[PDB]
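K.L.:
I am attaching a structure below and will ask some questions about it afterwards.
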Ligand SMILES: CC(C)(O)c1cc(F)c2c(c1)C(=O)N(Cc1ccc(Cl)cn1)[C@@]2(OCC1(O)CC1)c1ccc(Cl)cc1
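Numbering (the authors' numbering), first residue to last: 17 to 108.
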């Protein structure tokens with residue numbers, strides 16, 4: 017769609033603090049597909065309520081481990097490549 021399916025399928029090793037984040041929402045392993053990483057990040061966002069009804073497409077991650085990892089106070093869920101780059105910054 018924005019990201020190829022072959023890139024979404026690929027297995028990755030989170031760096032230790034992304035690994036902590038994913039573990040906080042039930043993630044049981046040391047390696048994941050990008051698609052699974054993004055599932056748990058979706059669960060983490062939705063669990064911590066890092067959203068606002070006024071701006072329904074923006075994650076509000078300031079003052080959170082997520083904002084520390086991603087290096088931003090907020091971001092758009094429409095910008096997939098930018099989201100992939102912020103996750104690549106947190107893989108071995
Ligand atoms: C409520 C809010 C802020 O509009 C929101 C919140 C939210 F969590 C998501 C999405 C949207 C969304 O579209 N999603 C899928 C997604 C987007 C971009 C990429 Cl590249 C991949 N996956 C997220 O998950 C959906 C879900 O599985 C929890 C149910 C989602 C996942 C991961 C990330 Cl990093 C950012 C966003």
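We treat Cβ as the ideally placed atom computed from N, Cα and C, and that holds for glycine.
#1: Between residue 81 and residue 33, is the Cβ-Cβ spacing less than 8 Å?
#2: Please state the DSSP three-state secondary structure of residue 63.
#3: Between which two residues does the alpha helix (DSSP H) harbouring residue 74 extend?
#4: Please look up how many angstroms separate the CB atoms of residue 53 and residue 30, rounded, as I've assumed it's under 8 Å.
#5: Using alpha carbons as the reference points, say which of 102, 38 and 70 lies closest to residue 59.
#6: Does residue 75 pass the burial test, meaning 16 or more other C-beta atoms within 10 Å, or should it be called exposed?
#7: So does residue 75 have its beta carbon nearer than 7 Å to some heavy atom of ligand 1?
#8: Roughly how many angstroms separate the alpha carbons of residue 93 and residue 42, rounded to a whole number?
P.N.:
Straight from the coordinates:
#1: yes
#2: helix
#3: Taken as a continuous stretch (DSSP letters only), residue 74 belongs to no alpha helix (DSSP H), being part of the beta strand (DSSP E) at 74 to 76.
#4: 7 Å
#5: 38
#6: buried
#7: yes
#8: 22 Å
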